[PDB]
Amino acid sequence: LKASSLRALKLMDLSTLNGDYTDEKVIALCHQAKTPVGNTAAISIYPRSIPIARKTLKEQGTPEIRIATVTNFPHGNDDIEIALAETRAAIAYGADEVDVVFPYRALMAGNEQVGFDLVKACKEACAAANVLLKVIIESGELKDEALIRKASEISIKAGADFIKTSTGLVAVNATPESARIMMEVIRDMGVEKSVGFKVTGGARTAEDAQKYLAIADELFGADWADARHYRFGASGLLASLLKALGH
């Protein structure tokens, strides 16, 4: 459990504990991402915090901690022009990665096309700027397995570089079942090289983190879940991992 905890830590998109948004808490988050045993994969912050976070990470000598942010968030509304404007602003602020919320309510009402179009539009903006696009399908609101598969397939076909379970701001975030469903879609469509998976929530403990990673190890190589293909979107999980590692 020390190997999986160190592994999970190096795959963490770290965010602040109680959704704090101040400059100091963002600065502190940057310090928190440089752990005693290694750096998290990224930090997750709102777009306006990107310039100060980028300054902070460089000054601590950790340019490899990626800066991830969110757009169309957390609502997942179905207005493409708004999602696209927010994504272009996230890019312009300096994001390394943009997590866009899929219009899951529209999909639930039978409008698959707007989710395809919105993801495609944001992917094209991100790809031209060498920015990775994660797509939050909000599996905890879709609830139905076939809807989770559907949102995953649409996002992948539209160009998602990652599919991400959840915003973290609804009642149900990631579960082991939705994680398996989403990773099964990646396998069944044959896109394991181009599409990663991100669990947001769900994992509270080091033991949780181990179990989530084992699903990826079962479906793909034990080598598949590197930073390009696997992330934990978490906050309190970092403390549990560090304690498992003796810190």
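When you see a residue number, it is the position in the sequence shown, counting from 1.
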TODO: Identify the stretch, either 130-138 or 166-174, whose C-alpha atoms have the larger mean B-factor according to the entry.
DONE: 166-174
Task: Segment of higher mean CA temperature factor, 212-220 or 38-46 - done: 212-220
TODO: For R66, return the chain-relative third of its C-alpha B-factor as stated in the PDB record: lowest, middle or highest.
DONE: lowest
Open item on the list: Please say which third, lowest, middle or highest, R180 falls into when its CA temperature factor is compared across its chain.
Closed with: middle
Open item on the list: Sorting by Cα B-factor within the chain, modelled residues only, which third would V199 end up in: lowest, middle or highest?
Closed with: lowest
TODO: Within this chain's modelled residues, let me know which third the CA B factor of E124 belongs to: lowest, middle or highest.
DONE: middle
- [ ] Please place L147 in the lowest, middle or highest third of its chain by C-alpha B factor as given in the entry.
- [x] middle
